[PDB]
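We begin with a single chain expressed as structure tokens, specifically the form deposited in one PDB entry.
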């Protein structure tokens, strides 16, 4: 059937006219399939034979992937029609569904063909069935409903569907309906007996508007294979993940792989992908082979271990609290769970972005709560309570001394090592009775060779030669040196704005191994204080390392 629904007006992109693609000639067999399909479609008003004054065309084809079916190429037309409100991009997350007593899946048959097309826009849908060997003119047709594969069909159909639904959901506030594509998911908590009646009502209401639907004999049954998920009546889970075993991996193979891992991490606590992704930092042709690293091999092996078990998630209950826990999973890697009752998770997830070359643990945990907060708003329209492995002391001190503005949800500390700690703390005041190193460093911006040296208030002076470095990298080595050659308490003094900022940041993890080494030093130290002076000002202590490293 077609719909007595009002049509949506359509226009072409301004200053554009309709497609005039010529028709490819076809096989008499394929011509026969279309002629029958087009007379049937004509008999239902879906299309109409048109006169000879419609200048436009779009190719059409016939095929049956091994019943016949007709397919049209609307590429040129879609290029010319106006833009529409974007049809629903994101689908809902199973973790955001409220458990229902009974739930029915209804597929709309021939959805798009059931809806009328705007009148003045019909002329631009013209197509043509070729006559056998161009002997006589072919047969012109045009569409009266939403063509399949046209640009307007999804948004206009969904719009129509919404209005068609409106009157019914006004007389049934107790029934919950989702529309997604050509489907409708209807659920209720009414008795499964009457629930079958209300399903019967709505089917009829849709039939009165032109929407054919399935029967109690043909309505899909649980568990529901929907969008890579399994929806069970009491639980939800992803569909089974199968990760290939290969001796070589291309860029394409690794992309598909982190995808599936990304997928599974929404219910499988513990997935990690950081070392696997580091492989895709190459970002080159998708066929290039990437030698897997030892870290990549161990990560994927640990992923296979977790995927060995089955997991499931649970549905949402607006009357129970919403709670989130975060765990450290390794350098840069974190994992979280969201649950309303202790062992039944709504969902899980991971966070591992560095967001820069160097970070510390508190910054990364805070960035994790950020990620959870956004996801909680999207899925449940609220933010959760956080249980976190970090004490007020730790976090309070961090965000107070942090130069960036930061928001801290109320949380309860949960003791579950690894707790999150500040592995160290530079000094706010210079250190009395500690040796005052004056570090510096340098490299030749052409030969790349360089030296890092110091001279201290106690008379000591060193210089270490360096090959294939940069003025920045040496400036960090100067500090590294002063830490190696120092007592438990050291005042360092530098002219390098670069190296100062990297240190004041107080990182506890890094990309360059140098900065990792410096961190190793900083931890062992008891008090470290670091100070800055303008370079080449003849300060004193700084003039002397500059002269030194220069000679």
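Positions refer to the first chain, counted from 1. Note that the rigid core is defined as the largest set of C-alphas that superpose within 1.5 Å between two forms.
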property	result
Missing from the model but present in the deposited sequence, between residue 66 and residue 67	1 to 3
Which of 151-159 and 299-307 has higher mean CA B factor, as the PDB entry lists it	299-307
Segment of higher mean CA temperature factor, 492-500 or 43-51	43-51
Criterion, highest CA B-factor; candidates, 270, 92, 223, 116	223
Peak C-alpha temperature factor (PDB record), options 435, 83, 191, 367	191
Chain thirds of CA B-factor: placement of residue 27	highest
Third of chain Cα B-factors occupied by residue 7	lowest
For residue 485, the third of its chain into which the C-alpha B factor falls	lowest
B-factor third for the C-alpha atom of residue 378 within its chain	lowest
Third of chain Cα B-factors occupied by residue 349	lowest
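Omitted from view is the form deposited in another entry, to which the following refers.
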| query | finding |
| --- | --- |
| Comparing forms between this form and the one not shown after core superposition, the one residue of 328, 347, 122, 195 displaced by 2 Å or more at CA | 195 |
| Core-superposed C-alpha of residue 465 shifting 2 Å or more between this form and the one not shown | yes |
| C-alpha of residue 285 off by 2 Å or more between this form and the one not shown on rigid core | yes |
| Rigid core fit then residue 318 CA moved by 2 Å or more between this form and the one not shown | no |
| Residue pair residue 170, residue 379 - Cα distance in that other deposited form, closer or farther (3 Å or more) | closer |
